[PDB]
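Contents: one structure, followed by commentary.
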Amino acid sequence: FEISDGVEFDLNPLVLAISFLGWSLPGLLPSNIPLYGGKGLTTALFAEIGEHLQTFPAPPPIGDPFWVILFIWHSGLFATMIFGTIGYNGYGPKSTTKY
Amino acid sequence: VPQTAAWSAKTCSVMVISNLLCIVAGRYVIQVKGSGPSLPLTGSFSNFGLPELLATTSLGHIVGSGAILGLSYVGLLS
Amino acid sequence: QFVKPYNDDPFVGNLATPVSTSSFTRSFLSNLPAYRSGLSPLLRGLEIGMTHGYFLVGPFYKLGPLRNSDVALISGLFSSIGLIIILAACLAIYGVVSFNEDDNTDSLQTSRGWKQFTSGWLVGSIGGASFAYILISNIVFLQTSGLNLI
Amino acid sequence: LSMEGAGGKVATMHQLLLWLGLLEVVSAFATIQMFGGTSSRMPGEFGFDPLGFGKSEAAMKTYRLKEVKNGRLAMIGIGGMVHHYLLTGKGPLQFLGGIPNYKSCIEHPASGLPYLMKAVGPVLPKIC
Amino acid sequence: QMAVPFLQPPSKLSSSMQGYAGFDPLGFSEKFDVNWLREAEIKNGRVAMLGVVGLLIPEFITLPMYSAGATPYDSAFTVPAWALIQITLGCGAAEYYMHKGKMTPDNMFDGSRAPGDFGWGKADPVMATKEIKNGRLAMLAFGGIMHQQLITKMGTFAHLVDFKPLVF
Amino acid sequence: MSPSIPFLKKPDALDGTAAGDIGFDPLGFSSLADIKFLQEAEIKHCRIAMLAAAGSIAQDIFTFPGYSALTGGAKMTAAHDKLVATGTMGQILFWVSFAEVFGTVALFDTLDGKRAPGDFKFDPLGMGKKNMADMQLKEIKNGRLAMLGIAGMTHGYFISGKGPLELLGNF
Ligand code: CLA
Ligand code: KC2
Ligand SMILES: CC1=C(C#C/C(C)=C/C=C/C(C)=C/C=C/C=C(C)/C=C/C=C(\C)C#CC2=C(C)C[C@@H](O)CC2(C)C)C(C)(C)C[C@H](O)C1
Ligand SMILES: CC1=C(C#C/C(C)=C/C=C/C(C)=C/C=C/C=C(C)/C=C/C=C(\C)C#CC2=C(C)C[C@@H](O)CC2(C)C)C(C)(C)C[C@H](O)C1
Ligand SMILES: CC1=C(C#C/C(C)=C/C=C/C(C)=C/C=C/C=C(C)/C=C/C=C(C)/C=C/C2=C(C)CCCC2(C)C)C(C)(C)C[C@H](O)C1
Ligand SMILES: CC1=CCCC(C)(C)[C@H]1/C=C/C(C)=C/C=C/C(C)=C/C=C/C=C(C)/C=C/C=C(C)/C=C/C1=C(C)CCCC1(C)C
Ligand SMILES: CC1=CCCC(C)(C)[C@H]1/C=C/C(C)=C/C=C/C(C)=C/C=C/C=C(C)/C=C/C=C(C)/C=C/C1=C(C)CCCC1(C)C
């Protein structure tokens, strides 16, 4: 895989796995606030996914915690993904540039 | 409203430990040292200057205040 | 590192970037009908028109003047056919004006090549519009955009 | 298909479509390869010959001609059968039996493509 | 023999080091100073051994000047925090005096000092393996005992005479 | 060219050396992803699905003491639910994750090419020393069959509410 004309890029999915875990394991930190229920961010997202799969065709109504939980979780996940790819490719084992 | 406990041995211990932790860390993390003497210490603490001491104690006070308030919030300190 | 001169030519009005010169980009562009190798200009036009006349029926079907009527789908197909004819006319006039009669062996940049391309595009577009019309008229999920499952 | 709804018990036609559609997507890849010239597969060759009737090339040719001829005949015949059934509500063997069929026409449910019989009565004669 | 046989051997580690089983699956020794890691391991093990003993013995004997909590672990919160901060300061004095002021990775092992060697006694390889194995076991056991006392809210020996489930 | 599909051409990525390689890849996921990564994923699925199918059948036959009291007669995914509250599934998840950390390291090695996919060196009884190729082919075959088997068991349970063997006993 070439990220550009002649520049190669590893595209390791283990980076994706590690970033996902790095954001999700902290997300387990529970909160008693109504949005999370009693649970953490990742667990609340799983619970909402199941709850709104039970009612499949109908979308989670505006004001449901699902949208806020989804947005926050994916914001953090994408941030961790960017940081993880930066670390693996610039600070990793085969980087050339001193970053 | 959160709980902020009154001064106690626990608060003093938290503050002292935060200051000591930040002093040691400042030994490891402060890149440039100023130009002057050093407080009278040998070994690892052989370039500890007064400005570095003051900076580490300032950060230690910030961290101690934060930890005290947060532990009172979660109820652990109080 | 990732952005470089185009074709190692620093003075051409282009830059080699991930969007412009990545492996995925090159594979996708080289496998699209406009660039795939071996296709005749007619087959390129066939595939492209098939793909385009399909999406055309929907906007007309679901937002046209007769969209709240019982003839919405037929009206939509008809309006797609009209637009396809107009665009085929555009293609034909562009071909006759731009390409002179010299023979470059059907390279899609020739009079004959562009004539074949426009003929194939017309046929494929009308066929794709008709296929979309059939599928919409026969499948409820497409007539309701999924609001049959509600 | 009327019984194969979301709140339905049977899935006959959907099962048939599922399996034949797997077969058909694989055959689509095969015919793409044949069309591009990358593959040496010949038209209609799926490698299905358990009894080895067409192993011999001359036998393969005679059998290919027989298959295409009978396929054309069946293509005509099945269309005839379907249209006879739409007109008279009769299967092939019945329609064969009754000749003045339009006298003994049997009832038949709607096709599922009702508009295609629009002109049968207004424009066309409706001898029934 | 290698602890994890489906993973590349750790090159930094060696048999000469006490308690070498080839167990660096995640490659900490490749990213950090191995002398630092060894010294930290020995110190953590020593503190954890003393901590297991200090979690078990208070259940039986309580000092006169102090009041015992439900568990020895809770006694930490019950006792004056002046005591805890003074323990911290005494440990700091001990660290400074032991390391002769050489408390930082860049200077800690200067003078060709074996990790964990404070000059208290001579170093024997078998005794060192004993020490490190006991320290690792005591680290894990301190984790277990501390969490048992934390959750159960009962002393360890009482909880071994009862064996209630740990639930939260 | 492909043995599995006589009329389709052999997949380019599949060399035919790998266990269970009969040139079955009509859609072309081999080109999309590294073949070693896909092989590791396939073997992981094989093993977890084998355990899941054997567990479904064995849970139908017998239930460990005390687990029946906690579960309250629930079966298959219902049992999962009942036990999530207890934290049993929590222990299973924690320890499987702990194993999967070293699995992640092993997959780093595999993608680097140092390790063969699915090779954890776990042969305590040495049953695979004699005929490794035959054992690997058996693993892949039984794993595919067990993936489809657990799929069938779970979906029959979703349909009827019965268990793998209970449905066979009565419909
Ligand atoms: C073990 C010690 C300890 C403990 C137990 C706690 C515990 C706590 N701290 Mg913390 N704290 C500590 C140490 C500790 N602290 C230390 C050492 C410091 C010094 C640095 C602080 C400084 C600190 C501050 C300054 C504050 C807390 C607060 C809190 C409490 C609420 C935080 C919360 O849930 O916000 C959750 C909040 C969010 C998830 C929302 C954050 C979004 C903000 C509003 C905007 C940020 C957006 C940013 C600009 C853009 C994003 C980045 C971009 C690059 C994408 C929480 C009980 C807060 C508090 O007391 O509130 C009542 C508080 O304000 N702490
Ligand atoms: C790490 C070990 C350690 C060392 C090396 C050490 C050295 C010295 C020195 C040497 C220069 C002096 C002069 C001194 C003096 C006092 N120590 Mg101290 N001390 C250590 C440990 C503890 C603990 C655990 C406690 C404690 C206490 C007191 C009290 C309080 C008396 C009171 O109750 O009024 C006084 C006056 C107790 C306390 O603060 O109780 C509220 C208490 O529990 N100390 N201590
Ligand atoms: C390939 C293969 C194998 C195979 C095989 C198989 C399974 C082969 C199957 C072959 C079949 C099923 C052939 C069927 C042909 C039917 C025709 C020509 C029908 C014509 C109907 C007409 C004209 C009509 C009509 C009519 C009309 C219009 C209206 C009606 O009212 C009246 C009427 C009926 C007259 C085997 C197993 C040997 C193994 C080998 O190794 C591989
Ligand atoms: C690693 C290793 C070792 C090992 C090991 C181990 C523990 C190996 C374990 C292997 C296992 C558990 C293999 C399980 C295979 C299960 C299959 C194929 C299930 C098929 C189900 C089907 C077809 C079905 C079905 C069904 C469906 C769909 C619907 C139902 O209504 C009906 C029905 C039930 C019929 C040991 C410890 C020996 C050491 C050694 O040194 C190496
Ligand atoms: C299942 C289903 C349905 C269905 C259906 C089906 C299966 C419908 C099938 C329809 C078919 C097979 C129609 C065939 C028509 C063939 C014709 C007109 C041939 C003319 C040949 C000629 C003129 C040959 C001439 C010949 C030539 C060329 C050359 C010289 C010789 C000569 C004899 C002259 C529906 C529609 C009811 C809908 C329902 O919801 C679902
Ligand atoms: C870029 C991106 C990001 C997020 C994901 C996402 C998937 C949305 C993706 C975008 C995807 C897009 C833009 C997909 C659009 C797909 C389109 C327009 C597909 C069109 C398909 C066309 C089809 C079948 C046409 C079928 C036509 C047929 C038989 C015609 C047959 C016929 C012909 C040609 C002539 C004679 C008559 C007859 C026989 C009927
Ligand atoms: C109460 C109090 C008072 C004053 C100080 C402070 C405020 C900090 C506070 C003190 C807090 C303390 C002492 C906290 C210490 C926590 C500890 C020691 C926690 C320990 C956790 C242990 C854990 C996870 C162990 C997990 C180990 C695992 C899986 C091992 C796995 C395995 C490995 C590695 C190899 C062999 C096979 C096996 C067994 C599968």
Side-chain angles (χ1 to χ4, degrees), chain A residues 1-4 7-28 41-42 45-46 73-97 99, chain C residues 1-2 18 22-24, chain E residues 2-12 22-32, chain F residues 13 18 28-49 92-122 143:
Chain A
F1 172 63
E2 313 230 287
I3 185 155
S4 180
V7 197
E8 202 180 353
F9 204 82
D10 202 71
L11 222 65
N12 195 349
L14 285 177
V15 176
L16 182 66
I18 294 170
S19 60
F20 162 83
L21 280 161
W23 169 249
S24 300
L25 300 169
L28 306 168
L41 185 58
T42 325
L45 177 64
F46 297 167
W73 190 82
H74 285 101
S75 296
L77 169 66
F78 297 169
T80 307
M81 265 163 74
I82 286 166
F83 274 116
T85 181
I86 291 154
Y88 172 79
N89 288 276
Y91 283 83
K94 338 187 185 296
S95 178
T96 181
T97 289
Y99 281 119
Chain C
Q1 174 173 339
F2 290 170
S22 54
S23 178
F24 168 74
Chain E
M2 284 309 110
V4 194
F6 56 88
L7 280 180
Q8 299 303 305
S11 57
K12 301 288 187 173
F23 183 57
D24 192 16
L26 280 86
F28 278 81
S29 59
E30 328 272 317
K31 314 293 181 181
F32 303 102
Chain F
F29 301 103
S30 299
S31 66
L32 302 178
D34 190 20
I35 187 62
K36 315 179 73 60
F37 182 91
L38 294 165
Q39 284 180 229
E40 173 85 71
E42 172 159 58
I43 296 169
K44 201 162 285 183
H45 285 106
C46 284
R47 293 163 174 169
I48 64 174
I92 305 178
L93 176 81
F94 164 87
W95 282 115
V96 170
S97 297
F98 189 65
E100 278 285 280
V101 170
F102 314 101
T104 307
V105 190
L107 188 57
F108 265 118
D109 264 339
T110 287
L111 299 176
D112 291 0
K114 281 171 274 176
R115 175 180 157 258
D119 182 12
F120 291 104
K121 304 287 193 309
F122 185 68

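Letters A, B, ... mirror the listed sequences (proteins, then strands); counts begin at 1. Just so it is clear, the values below take in all heavy atoms, side chains as well, and ignore hydrogens, waters and symmetry mates.
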Under the rule for ring-ring contact (aromatic ring centres under 6.0 Å, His included), what residues qualify as partners of F/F98, not counting sequence neighbours? F/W95, F/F102

For A/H74, all residues meeting ring-ring contact (aromatic ring centres under 6.0 Å, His included), sequence neighbours excluded: A/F78

Taking every heavy atom of F/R115 against every heavy atom of F/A106, the minimum-distance pair comes out as NH1-O, 3.0 Å

Distance from C/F2 atom CZ to C/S22 atom OG, nearest 0.5 Å? 11.5 Å

Please collect all salt bridge (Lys or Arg N to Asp or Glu O under 4.0 Å) contacts where either partner lies in residues 102-111 of chain F, sequence neighbours excluded, each pair once. F/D109-F/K114

Approximate separation, where rounding is to 0.5 Å, of A/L16 CG and A/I18 CD1: 10.0 Å

With sequence neighbours left out, the residues meeting ring-ring contact (aromatic ring centres under 6.0 Å, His included) with F/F108 are none

OG1 on F/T110 to CZ on F/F37, rounded to 0.5 Å: 11.0 Å

Where is the tightest heavy-atom contact between C/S23 and A/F1, given as atom of each residue plus distance? CB-CD1, 3.9 Å

Parallel under 30°, tilted from 30 to 60°, perpendicular over 60°: which one fits the rings of A/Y91 and A/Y99? tilted

Which heavy atom of E/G22 sits nearest to which heavy atom of E/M2, and what is that distance? CA-SD, 3.7 Å

When every non-hydrogen atom of F/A13 is compared with those of F/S30, the smallest separation belongs to CB-CB, 3.5 Å

Output the distance between atom CD (F/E42) and atom CG (F/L38), rounded to the nearest 0.5 Å. 8.5 Å

From CA spacing to verdict: side-chain contact (heavy atoms from CB on, under 4.5 Å), A/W73, A/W23: CA-CA 8 Å; A/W73 190 82; A/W23 169 249; 3.3 Å; yes

Does A/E2 have any salt bridge (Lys or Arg N to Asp or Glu O under 4.0 Å) partners at least two apart in sequence or in another chain, and if so, which? C/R26

Using side-chain hydrogen bond (donor to acceptor under 3.5 Å, both in side chains) as the criterion, list what pairs up with A/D10, not counting sequence neighbours. A/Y88

Tell me every residue that passes side chain to side chain contact (heavy atoms under 4.5 Å, CB included) with F/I92, counting only those two or more places apart in sequence or in another chain. F/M89, F/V96

Tell me every residue that passes salt bridge (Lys or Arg N to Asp or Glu O under 4.0 Å) with F/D34, counting only those two or more places apart in sequence or in another chain. none

Residues at least two apart in sequence or cross-chain that pass side chain to side chain contact (heavy atoms under 4.5 Å, CB included) with F/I43, listed by chain then number, are F/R47, F/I140

If the condition is side-chain hydrogen bond (donor to acceptor under 3.5 Å, both in side chains), which residues does A/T85 pass it with, not counting sequence neighbours? A/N89

Which heavy atom in E/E30 sits nearest to a heavy atom in E/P10, and how many Å separate them? OE2-CA, 4.0 Å

Look at atom CZ of A/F83 and say whether more than 12 heavy atoms of other residues, nucleotides or ligands are closer to it than 6.0 Å. no

Locate the shortest heavy-atom distance separating E/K12 from E/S29; write the atom from each residue and the value. CG-O, 3.6 Å

Of all residues at least two apart in sequence or in a different chain, which pass the side-chain hydrogen bond (donor to acceptor under 3.5 Å, both in side chains) check with F/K121? F/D119

Those residues that, when tested against A/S24, pass side-chain hydrogen bond (donor to acceptor under 3.5 Å, both in side chains) (two or more places apart): none

CD1/A/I86 to OG/A/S19 distance, rounded to the nearest 0.5 angstrom? 11.0 Å

Approximate separation, where rounding is to 0.5 Å, of F/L111 CG and F/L107 CG: 4.5 Å

